[PDB]
Each structure stands twice: as structure tokens, then as C-alpha cells.
Amino acid sequence: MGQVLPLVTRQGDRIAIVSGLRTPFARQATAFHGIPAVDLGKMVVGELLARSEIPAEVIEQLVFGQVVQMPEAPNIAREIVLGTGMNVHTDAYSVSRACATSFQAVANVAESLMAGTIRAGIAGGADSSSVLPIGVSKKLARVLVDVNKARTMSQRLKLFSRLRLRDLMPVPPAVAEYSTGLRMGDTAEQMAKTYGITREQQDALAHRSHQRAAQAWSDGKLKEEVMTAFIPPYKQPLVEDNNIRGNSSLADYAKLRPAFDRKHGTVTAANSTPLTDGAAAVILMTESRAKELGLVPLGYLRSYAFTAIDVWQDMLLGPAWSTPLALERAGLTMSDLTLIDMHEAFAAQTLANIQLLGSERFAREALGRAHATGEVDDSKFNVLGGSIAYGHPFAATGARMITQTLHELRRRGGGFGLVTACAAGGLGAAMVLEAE
Amino acid sequence: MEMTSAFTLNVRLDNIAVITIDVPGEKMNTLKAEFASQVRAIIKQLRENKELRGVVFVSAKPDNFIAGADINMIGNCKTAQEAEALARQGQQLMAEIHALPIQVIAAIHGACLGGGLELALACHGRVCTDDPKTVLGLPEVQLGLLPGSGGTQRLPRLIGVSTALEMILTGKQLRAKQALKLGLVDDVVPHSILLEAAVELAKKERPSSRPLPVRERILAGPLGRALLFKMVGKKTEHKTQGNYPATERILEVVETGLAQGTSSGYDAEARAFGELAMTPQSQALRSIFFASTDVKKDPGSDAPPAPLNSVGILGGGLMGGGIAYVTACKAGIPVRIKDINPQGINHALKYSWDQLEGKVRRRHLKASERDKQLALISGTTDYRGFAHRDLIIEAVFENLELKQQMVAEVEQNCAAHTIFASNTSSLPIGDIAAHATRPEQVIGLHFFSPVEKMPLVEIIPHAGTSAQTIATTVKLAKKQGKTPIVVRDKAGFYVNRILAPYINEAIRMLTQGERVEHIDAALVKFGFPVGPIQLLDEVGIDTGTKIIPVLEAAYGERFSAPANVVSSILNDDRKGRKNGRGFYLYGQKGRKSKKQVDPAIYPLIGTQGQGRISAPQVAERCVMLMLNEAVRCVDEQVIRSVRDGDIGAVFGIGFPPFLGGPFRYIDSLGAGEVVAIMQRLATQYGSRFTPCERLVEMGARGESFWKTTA
């Protein structure tokens with residue numbers, strides 16, 4: 001046991017996982033327009049509780065988090081508890097770890113739950129890219145603070161005397177990294193250039209992802225994971241994801257302008273996930289608690305790992321670093337791993353990641369491990385499509401993968417799933433799931 | 001084969017051929033006669049198998065594309081004929097390369113300096129990587145030699161004279177973005193796709209459309225060339241004082257090329273290069289270049305160094321901020337300041353902040369870079385956090401017992417393998433060590449305020465100093481962008497030791513009714529930047545007197561200064577810029593003229609009689625003072641090597657580069673002729689001009705200085 005660490009509780013019970021749920025995702029203007037990020041989580045949590053046999057008193061703590069953040073109600077988990085119908089004695093709590101927020105929420109709940117302080121909790125994430133907080137210029141905030149603190153009337157006019165230029169214009173939000181000024185996609189262009197990913201090598205991944213997802217809806221296999229959102233206008237319900245376009249031919253979107261480079265930009269809009277709105281949640285519960293109240297567990301949890309890398313070149317290699325650590329912690333091997341998953345926030349970067357996990361030199365020098373972590377079969381990789389299809393709500397794409405993977409292993413009747421994700425700031429996360 | 005023909009050809013599957021450049025000697029890609037021969041064979045072979053898309057050039061080395069033309073072979077020339085022949089053949093070869101009808105592309109990565117741009121300007125299209133290491137530029141005027149091979153007249157045609165002229169005259173470095181904006185390079189790409197991007201740029205056929213210039217460059221030939229040339233000539237005459245050749249020659253050759261055709265420019269450049277490489281300034285500058293390269297490659301001590309990752313500074317203020325800024329912003333080493341007063345820490349931090357904010361206001365650094373660099377500097381007022389510092393630099397007042405106290409407590413409250421560096425300028429290093437637990441790890445790191453300005457530092461060991469300590473200190477000084485020099489532990493060290501007679505004789509002459517303009521012009525005309533009195537004003541009169549009392553105490557009356565001049569200013573505190581109320585008043589109307597001289601300073605000093613003699617007398621007397629002092633100090637093996645002393649003198653004090661340094665100056669002046677000059681000066685003036693015994697010995701016996709110099 002030089003590397004394996006079990007994830008068991010002090011009593012000897014494993015961390016079971018019970019049902020999860022996912023609001024259907026939408027583009028940033030079609031539906032959910034004007035709907036804040038809090039009430040999406042309210043929807044999913046409230047109707048997740050009102051779907052199983054658990055009384056609301058069992059839940060003892062819920063953790064959400066959101067990347068795009070509204071200044072009002074900083075601790076959105078408390079408003080999730082208060083607004084919906086729940087015991088007001090639940091320890092609401094909020095985290096934030098960029099695109100891997102839901103993974104961190106699940107990890108926090110799991111470790112606190114195996115510490116003994118909790119017996120059941122909720123972990124999830126909500127996100128909305130349609131209620132963007134549009135702040136005013138930085139200069140036109142010190143003026144406001146001073147005039148609030150200004151004492152005499154003549155002082156205020158002398159203060160506004162410095163108000164000039166275009167300080168009135170609002171400041172658009174920035175997706176570029178705070179300390180790097182890189183637009184999170186132009187850090188994928190150079191990755192594609194470095195590892196040699198062709199616009200024809202990709203743009204076939206996007207096609208195979210739009211398929212196996214349109215097919216997934218048509219088969220209805222993902223029926224029990226998706227709500228049927230109802231919108232306060234109540235003009236018509238939303239049942240299916242509208243981002244999915246599983247009808248285009250691969251020769252249709254080969255003719256698109258490059259997005260960032262615009263000169264040698266082997267990545268474009270179609271092969272990159274768009275900003276969406278959604279929410280997701282999962283109910284974590286220890287095995288003993290689930291057993292004693294009569295509930296079948298939807299799989300379990302095996303191990304997890306988080307890693308950071310330098311944000312100056314190819315910061316999007318998080319899964320490559322995280323995966324071997326998670327495997328060694330679970331005492332497993334890539335060979336004995338039925339089905340895997342990847343965030344695929346962009347075409348390439350994911351392909352670069354497979355190339356790297358297949359490369360012996362990378363694991364030889366950049367990790368110090370003797371052997372490469374193995375290659376991934378196409379069939380055992382993103383069986384039900386990926387984020388180049390559904391969409392990418394920053395804080396919600398974590399739990400969605402756990403739910404989908406557990407259900408798919410339920411269909412295959414066994415195996416150990418694996419989920420990985422990369423995040424801005426060079427943060428990567430991975431975890432190994434076991435569906436009994 | 002592969003070794004000789006560094007220009008290996010390789011035709012890919014398509015109609016494109018790639019040529020690598022791998023000189024098997026060393027990591028710089030230099031130009032030699034063998035390359036000039038072999039490229040003819042390669043291009044003749046390229047003439048075979050016609051009907052191909054084009055050719056490209058690649059560096060095939062990780063660091064640079066082409067460093068520059070080798071200068072070692074240039075030193076083997078004898079007359080103007082050899083240089084003209086070499087220039088003619090280079091011009092012909094570049095013209096031949098430019099004479100191909102197919103697309104020729106230069107894919108440059110890393111450094112491309114000197115004659116490389118020539119070849120780059122020979123090609124029809126150029127592409128450069130975006131790495132901050134790569135750079136474009138012509139650095140041969142600074143070597144006192146025009147880069148005549150064709151680019152001297154191609155560059156003004158490609159890009160307007162408004163920039164090309166200042167590129168040639170002041171050969172500098174160009175960023176990739178700057179070149180792209182200016183029109184020198186067609187496109188910029190990341191290093192990964194460099195070869196490929198060059199390939200499809202070659203595949204596109206014959207861009208028969210010259211990009212338009214600013215349209216203000218149409219002045220050349222008709223009215224407008226004359227005005228611009230006259231103005232830049234007057235500017236250069238006011239700036240360099242006209243003692244630097246290869247400045248008006250450039251203007252003439254550019255004029256001839258522009259207003260008389262390209263053939264006229266070619267022949268004029270050939271003749272000028274032939275006649276100009278033999279001017280004494282040329283080999284003087286080449287000698288300084290060689291010496292600087294050697295000292296940069298010099299390892300100092302012969303022992304392996306020790307790891308260094310953190311550094312401590314005791315004391316603060318303007319100076320401590322200087323060392324902190326140099327060690328953090330340049331070398332990127334964490335630095336911890338330990339001023340006892342929080343005001344000192346605040347002063348040091350403010351100094352560094354002012355420097356970096358001034359840099360950013362130019363828009364040369366990102367605002368995030370300021371934070372990422374200031375993160376390395378942290379102050380305190382206690383001894384916590386000093387337990388893992390490899391180096392400590394001491395920069396508080398020079399009281400002896402105070403320095404023993406400092407060394408005692410740094411021994412008590414720090415590591416065991418750490419070494420202690422003192423920024424002392426007066427007290428002996430051994431005496432500062434005296435009694436200590438580990439005296440073998442005490443060194444003297446003499447700086448020159450302002451620290452970021454003068455690039456010379458002094459390393460002073462003492463009787464017991466482990467070679468590892470010297471090695472570590474030298475490597476640090478190298479990382480800081482300085483020029484380390486090892487100096488024997490003697491009173492007065494080297495630089496200020498020879499600087500003292502300069503200001504001493506300046507004051508002695510000023511006492512004899514001399515005016516500011518005469519003295520200042522006399523000293524700056526002899527290739528000296530910033531003449532004496534404003535040198536003192538810059539460094540501060542309070543530091544101007546320095547610690548010369550110890551100089552007299554060590555070496556008699558030779559260094560004795562006239563009285564009632566240093567005394568007459570310290571009492572009526574006139575510190576120049578330290579108190580502001582120097583004799584160079586500030587805040588004058590307009591603030592666009594020479595610094596005003598006070599009228600009352602002459603009455604304040606004795607100012608006896610009226611001035612005499614002329615500027616040549618002033619120059620010769622001051623210069624021979626420095627020469628006698630320098631030969632005196634090198635006589636007793638103060639400086640380990642002749643070149644070390646010469647480079648220190650020329651590069652820290654500000655000795656005229658075109659004279660090559662004091663030792664070059666005496667070698668050029670030769671022998672006992674200057675000796676007779678200095679006896680006659682002594683007889684007419686006084687006993688201060690007694691020649692050194694080794695000086696008269698060498699002059700009479702006719703020995704040389706630079707090995708087999710003569």
C-alpha cells in the first residue's frame with residue numbers, strides 16, 4: 001500500500017453515491033434568459049429532493065459554487081437552503097475552483113462525511129451566462145466611496161471635478177486569466193500547434209461527439225437524469241438541450257473562420273464548446289445511512305486527485321497530470337478501466353491529452369514515473385458524447401459527468417468509470433467511480 | 001562534407017528546398033570565408049534542377065540564426081585593399097542571392113546580428129519567431145566599423161531613412177513586434193510552426209508589389225535629403241564631439257547610394273570599409289570588445305561555485321534599494337532587507353517602485369510584471385527569515401566597530417555555510433574580518449552608486465578567502481549584469497584610487513582662476529563623458545572628497561588635495577544634488593539649457609590671478625596623472641591582469657573607448673616620449689609628475705604592455 005489510500009469512513013463504510021439530477025442546458029439567450037443562477041440551483045435541488053424517498057431532515061449540508069458570481073448573496077448555498085423547502089438547520093456552504101467546481105464540492109462533502117461530522121449531504125453547482133455582472137469602471141468606484149464619505153456639499157463637487165473621460169462606460173467581463181491575459185482558447189491554439197493537431201484531425205471529434213449524443217436523446221437513455229424545466233413565463237416547457245446539433249455533416253463546418261489566431265487558427269467556434277446555462281446536483285451519503293433507511297446506492301466512490309501546473313504554456317494539460325495520481329491512489333490500471341471520460345472543453349487539448357497519456361517520454365520526465373499511463377480506446381471514451389454538444393456551464397459540468405458515467409456503467413453491468421477535467425489557472429481534477 | 005558545408009541543402013517532396021546553417025564550431029552561427037566559398041557551390045547546385053517553388057533558410061540551432069561576421073579574420077587584414085576585396089566579394093555574393101527569380105525566404109529564430117541582416121535583407125521575404133530571445137539589429141558602428149556588404153543601402157530602400165539612419169548610426173536591438181510594425185519582417189509566428197509558415201510563404205508566388213513607405217522619405221535625392229543630412233550631422237557633431245570616425249562616412253555613403261544609384265553606393269561602401277578598418281579607433285574598439293568577451297567568459301576562481309537562491313541586505317536607503325533592485329528585478333533572486341528603521345525599508349521599496357513604474361509608463365512592461373517582480377523584495381526589522389540566506393550584503397555606515405558588530409550578529413543569527421559580503425569603500429577587508437568564527441567566508445563587494453548605471457563592480461578578497469567564495473560572488477555579479485573584477489586588498493582599491501588625482505588636479509587648476517566652460521570643454525573633448533565638476537555634482541561633493549585622508553595616510557603627499565576648497569564647501573554645505581544647493585542650480589527658466597553656474601563659487605574659492613594655458617595642456621596633464629597612477633598600481637600586482645585593469649579603467653571611470661584604455665593609450669604613444677613629456681610637465685609645474693620606476697624602465701628599454709604589442 002505504498003500509494004493506495006482507501007476512501008473509507010472511520011466505521012469502515014464506503015462513501016456511497018445516491019441519485020443525481022441535471023437541468024437541461026441551454027444557450028445564453030434562448031431560454032433561462034434573465035433567470036438568475038440561484039434559482040436554477042433552487043429548481044434542481046428542490047425537485048431532486050422531491051424525487052426520492054428521503055425526508056428532507058436527513059440532508060445535513062449542501063455545497064454549491066458558481067464561477068460567474070453575482071455580488072448579492074455571495075453564499076448562494078444558503079439561499080438554496082432558504083428559498084426551497086428544506087430544513088433550515090442545514091450547513092449551507094459555497095466553494096469556487098473554476099471549471100472543476102463541482103468536483104471540489106463533491107470532494108469536500110466526501111471528506112467531511114468520512115471525517116464523521118456528517119451522514120448525508122448534497123453537492124452540486126449552478127451556472128448562468130446570461131445574467132452577467134457588468135461592473136462600472138474601477139475609477140468610478142473610489143469616487144463613489146469618497147462621495148459617500150464626503151462631508152460637505154462643496155467637497156462633493158470638488159470630488160466629481162475629476163470625473164472625466166469615458167469612466168461612465170461599463171466594463172465588459174473578462175474571460176482571460178487574471179495574471180496572464182490569455183483568453184483560455186488562445187492557450188489551446190498554441191497547444192494544438194505544439195502537438196500538431198490538424199483541423200481535420202479535429203472537427204471529426206466534434207462530429208463524433210454530436211453523434212452519440214443526438215443518438216442518446218433519440219434512444220432516450222438520458223431520460224432519468226434530466227428535469228423538465230418550467231420557466232416563470234410558463235409559455236412552454238424546456239425538455240431537451242438546444243445546443244446539440246446532431247445533424248450537421250462533417251463537411252459543413254469544415255468551412256469556418258479561425259476564432260483566435262485568424263491566421264493559423266486550427267481551432268474555431270464549432271469545435272469549441274459554447275457558453276451555456278444549467279445546474280446539476282448529486283446526493284452523497286455514507287453506505288450505512290443509505291442502508292438503514294432503505295435506499296439502493298447508484299454506485300460508489302473510489303478515489304480522487306487534484307493537481308496544478310504552471311500557467312504560462314499549455315496550462316490545459318490537467319487531466320494528463322491528474323489521471324496517473326488518481327489511478328495509483330485507487331490501486332488500479334488504465335487497462336482495467338471500463339469506460340473513461342474527458343471534459344473536452346475544446347477540440348484538441350483533449351486530443352493532445354490522449355496523445356500525452358499515450359507518450360512514454362512525458363511520464364518519464366515530466367512526472368518521474370517509470371512507465372506511461374496507457375492509451376485509451378475510442379470505444380471506451382466519451383460513449384455518450386461530450387461537452388462539445390451539450391455545453392459547458394462552468395460550475396455544473398462536474399456532477400453531470402458523474403451521473404452519466406454511473407448510469408452508463410449501470411447499463412454495461414459493472415466496471416470502473418473515470419472522470420477528468422481541466423480548469424483555468426492550470427487546475428486539473430480526476431476521480432475514479434465504481435458502479436459496484 | 002557535412003562539417004565544411006554548413007549550408008546543407010535538402011529538397012522536400014514538394015518543390016521547396018530547405019537550407020540549414022550548422023557551423024560545427026560553437027553555438028553562434030558566424031560567417032567565415034569558407035562559407036562564402038561553399039554557398040557559391042550550393043547555389044550553383046540549386047541552379048540545377050530548375051522549376052521549383054523556392055528555398056528557405058533555417059538556423060538549425062536552438063539559440064540564434066546568425067550571430068554575425070567573424071571579426072578574427074578581419075584582424076588579419078593588412079591594407080585597405082584586402083578589406084575592399086572582402087567587402088566586394090560579400091556584396092557580389094549578396095547580389096547573386098538577390099538575383100534569383102524564385103521566392104527566397106529567411107525563417108529567422110533567435111539572435112540575428114551583424115551581417116546576418118545583410119543575408120536577411122538579401123531574401124525577398126522574412127519571417128521571425130515571437131520569442132523574446134530573438135532580435136534584429138546592426139551592431140557594427142559600435143565596433144567602429146561600417147557593415148558594408150549591401151544592407152547599408154538596401155535597408156534605407158526597404159524602410160524609410162527616418163528609422164534606417166538611426167539603426168545604422170546607433171546600431172540597436174529590435175523586437176519582433178517592432179520589426180513587424182515597421183515593415184522589416186513580413187510576419188511573426190510561434191516557433192512551432194516557423195518552418196511550415198515559411199514554406200507556404202515561399203509557395204505563394206512573387207509578391208510584385210512593394211509596400212509604400214511613410215511618403216515622407218521621398219525627400220532623399222530632391223530637396224529634403226540635404227536638410228535631413230545636415231541636421232543629423234550637426235546632431236552627431238554636438239553629441240559625439242566629432243572625435244569618432246565612421247559617423248560622417250556613413251552619412252556620405254548613404255547620400256551617394258541614394259542620390260547616385262545603387263552601384264555608386266556599393267563602390268563607396270567598399271572603399272570606405274577598406275579605408276576605415278585600418279583607423280586606430282577600429283582596432284582599439286576591437287581590443288575592448290575582445291577584453292570584455294574574455295572577462296565575461298572568465299570563470300574568476302578555479303573552484304566549483306556554491307548554490308545561491310536567496311540573498312540578504314543589511315541596511316537600507318537609496319543605496320540598499322539599488323542593490324535590491326539589481327538583485328531582484330535583474331537576476332531574479334529573492335532578497336530580504338533588514339533596516340532597523342521602517343523608514344529605511346520604505347525608502348528602498350519606494351526606490352525600486354519608482355524604477356519599475358518609470359519602466360512601465362513607457363509601456364515596456366505589463367502591469368502584472370511589476371507585481372511579479374516586486375514579489376521578490378521583502379523588508380523587515382528583525383532577524384527572522386535570515387536563517388537560509390546564502391549571501392548577505394552589508395550597506396550601512398562605515399564605522400569599524402559597527403561593522404564588527406554586524407559581522408558578529410550575522411554570524412550569530414544566520415546559517416553556517418553562508419558568506420558575508422561587505423559594501424565597504426574605506427576600511428580594509430581583513431581588518432573588517434579581523435576576528436570572526438569563519439573569516440574564510442568574508443568578501444568585499446564594492447559597488448558604484450547609482451548601482452543600475454555603472455556596470456563595474458569590485459571583488460576584494462583578503463588573506464583567508466575560500467576560492468568557492470570568490471567563484472560564487474563572481475557568478476552573482478555576472479547574473480546581475482555587471483562586470484566582476486578581482487582586486488588585491490590594498491588601501492584605495494583601484495577605481496577611485498586612480499580617480500582621486502583626476503579631481504585633485506581639476507581642483508588645483510580651478511584654484512588658478514579658470515572658468516567652467518574652458519575646463520569642461522577641455523575634458524569632454526578628450527573623449528571623457530561627463531566632465532569633472534558635474535561628475536562630482538552627480539556623485540555628490542560630500543562623497544566627492546571621498547575618504548582620500550586614508551589615501552594620504554597610505555601613500556604620502558602624492559594624493560594630497562589643496563586645502564580651503566573641500567573645507568570651504570563642507571562647512572557651507574554645497575553637496576550638489578544631495579542637498580540640491582550645488583553650484584549647478586536646478587529649476588532654471590525653460591529647463592532647456594546648460595546647468596547654470598553660480599557666480600559666487602569663484603569668490604568662495606581662492607581664484608588667484610587669472611587663467612592660463614590651453615585645453616591640450618589640461619587634457620595631457622590630467623591624463624598623465626591617471627596614467628602614472630595606473631602604472632603605479634599595476635606595478636605592485638594590484639590587478640591580476642593587464643586587460644583586467646585596462647577594462648576596469650575604460651569601463652567604470654569612463655576612459656575614452658576610442659583610445660582603448662590607459663594601457664592602449666601608452667602603447668600607442670609608445671615609449672619614453674611621454675616620459676619626457678611628463679618630466680617637462682613636472683619641471684614646469686611640480687613634483688607630482690614623478691614617473692613610476694617601471695614606467696621609465698619600460699620606456700627606456702622599449703618594452704610593451706599587450707604581450708607582444710611591440
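Positions of Cβ are set from backbone N, Cα and C atoms, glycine also.
Sequence annotations record features per position, and here Swiss-Prot assigns active site, acyl-thioester intermediate to A:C99 based on similarity to another entry. Annotation comment: Swiss-Prot describes A:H392, A:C422 as active site, proton acceptor, evidence class similarity to another entry.
With respect to their backbone Cα atoms, A:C99 (active site, acyl-thioester intermediate) and A:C422 (active site, proton acceptor) stand 7 Å from each other. When Cβ atoms from all protein chains are considered, those within 10 Å of A:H392 (active site, proton acceptor) total 24, not counting its own.
Using a 10 Å radius centred on the Cβ of A:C99 (active site, acyl-thioester intermediate) and all shown protein chains, the other Cβ atoms total 29.
Comparing A:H392 (active site, proton acceptor) with A:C422 (active site, proton acceptor), their Cα atoms are 12 Å apart once rounded. A:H392 (active site, proton acceptor) carries neither a helix nor a strand DSSP state and counts as coil. All protein chains included, A:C422 (active site, proton acceptor) registers 30 other Cβ atoms within 10 Å of its own Cβ. In the three-state DSSP scheme, the residue listed as 'active site, acyl-thioester intermediate' is classed as strand.
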